[PDB]
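Below you will find one chain, with nothing else, as C-alpha cells; this is the form deposited in one PDB entry, and questions on how it binds or moves follow later.
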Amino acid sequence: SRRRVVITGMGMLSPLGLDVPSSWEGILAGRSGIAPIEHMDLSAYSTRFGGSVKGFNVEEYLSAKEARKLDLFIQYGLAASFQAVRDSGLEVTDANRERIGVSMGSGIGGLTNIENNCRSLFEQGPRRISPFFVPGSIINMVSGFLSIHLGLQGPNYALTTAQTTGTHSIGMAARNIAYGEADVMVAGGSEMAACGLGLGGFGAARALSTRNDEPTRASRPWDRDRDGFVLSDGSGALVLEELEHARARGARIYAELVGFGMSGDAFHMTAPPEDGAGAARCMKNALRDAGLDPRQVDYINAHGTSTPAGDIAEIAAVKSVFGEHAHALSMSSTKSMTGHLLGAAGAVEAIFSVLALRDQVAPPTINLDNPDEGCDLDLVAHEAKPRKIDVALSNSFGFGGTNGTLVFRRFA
C-alpha cells in the first residue's frame, strides 16, 4: 500500500511576478510576462525577447556574499524553495529533519556562470576562474544549499530532464513520501538560460519564436501563426507532505497529488511523434497511478510550448486518451503568458494546476486568435473560465522524448 501526498506550501519566481499570488493574478487576468531582454546585447540574434524575472532581490533570501557564489538559476530555486517552506508553516526540528528532503532540478543549469567564467578563461587563463565556479554552477546546489540552510537531512537529489524537470522532480518527490522514504519533500525546478548560449543555442536550432515586433503575441499555443517557443526564467517549488503528517500539525492543504506518470517516446531528440503516442501513454500511466478514469479529468495544464509539432501532438494525445470526454475537459497553456521556463515549466505549471483547483477556474490560452487544423478542443481561448474542477493534470514533454504527467485532486 501507499501513503497519500498533499501540497501544503508553494513558492515561485516567474515572468508574471516575484511570488505565487502575484503570478496567479497575472495568469487569471491573461497578462503576458514577455518583453525584450535588457542589460544584454541581443543584436546579432534573431530572438531579442523572452520571459525575464523583473526586480528579483536575492538579499531577501541570502547575504550579498553568499549570493555572489551562486548562479541565477540557483538563486531562483532557493527563492521559490524558501517561499514554499515559509508558506507551509512547517517547523524543522531534530525530531523530523531526517524525514524532510529536497528535489529541486534544472534543465540547463548554470549557463550564465559558465558564460562569465569562459570570458575569464579565454581572456586571462584558468587562474581567474572563481573558486566557487563548480559548486555555484552545478544543478544539485539548489537541493544542497536549501538542505544546508534549513538543516534538511532527508533524501537530497536533483533531476535534470530538460523541459520535463519540474514535473519529474515533483512526481519522484511524491513517490519518496508515498513509499515512506520521507514525510516532507521540497520539489520543483528553476532555470535562467537567457544568455548568449541559451538564446544562441535554441536560436541556432530555429526553435524560438522570432516575433520581435510583438513579443507579447509571440507565445500562441495551437494558433495557426505560432512559430516556436518563448524562452523564460524563474522557479517553482512545492512542499509535498504525507497527509497524516499535514493533519497532525493543522497544515493548510491546497490539493492532493494522486497520480504521477512517466514515459519515453523513444522517437526523436527534440521533436515529438505527430500523434503524441508517448504523451498519451504517460497520461494513461498517471491516471492508472491515481485509480482514475479519463472521464474524471476536468482541467489539463498543457505543455503547450507554441511549437508547430509539439502543440498538435498534445491535441492528438488528449483525443486518444479521453475519447468522448476530450471536449468536456478544459485544456490551456499558461506558456501563452509565461513563456517556456524549461526545467521550471513543470514546477510553475503544477502550482497553476493546484490554484485552478483552489479557485475553480481554468486559466486562459491567450493569443489563440485562429485555432489550427484539428485544434477544436476547449483550449480556454483568450479569457479565464470559471468551471467545476475536481481533477487537474499537468503535462511536460521534453527533449529526448521524456514525458511526465502529474494528477492533482481537490482535497476536503
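In this text, rigid core is short for the largest set of C-alphas that superpose within 1.5 Å between two forms. When you see a residue number, it is the position in the sequence shown, counting from 1.
Between 26-34 and 39-47, the larger root mean square Cα shift in 8 other deposited structures of this protein, once each structure is superposed on the rigid core, falls on 39-47.
Just going by the entry, 238-246 versus 208-216 on mean CA temperature factor gives the higher value to 208-216. On average the C-alpha atoms of 387-395 have higher B-factors than those of the other stretch, with 387-395 and 11-19 being the two compared. Per the deposited record, 227 carries the highest C-alpha B-factor of all listed residues (98, 183, 191, 227). As recorded in the PDB entry, 124 shows the highest C-alpha B-factor of the residues 88, 301, 153, 124. The PDB entry assigns residue 59 a C-alpha temperature factor belonging to the middle third of its chain's modelled residues. Residue-level temperature factors show residue 187 in the lowest third of its chain, judged at the C-alpha atom. Among the modelled residues of its chain, residue 53 has a C-alpha B-factor that falls in the middle third, as given in the PDB entry. Residue 314: CA B factor in the middle third of modelled residues in this chain (values from the PDB entry). Ranked by C-alpha B-factor against the other modelled residues of its chain, residue 376 falls in the highest third.
This next part talks about the form solved in complex with a small molecule, which is not shown.
The candidate stretches are 346-354, 371-379, 24-32, 58-66, and the one lying within 4.5 Å of the small molecule in the entry with it bound by heavy atoms is 58-66. Site annotation in the entry with it bound: the residue of 255, 72, 246, 85 reaching within 4.5 Å of the small molecule with a heavy atom is 85. The shortest heavy atom separation between residue 326 and the small molecule in the entry with it bound exceeds 4.5 Å. Put simply, residue 150 is close to the small molecule in the entry with it bound: some heavy atom of it is within 4.5 Å.
In the entry with it bound, at least one heavy atom of residue 90 sits within 4.5 Å of a heavy atom of the small molecule.
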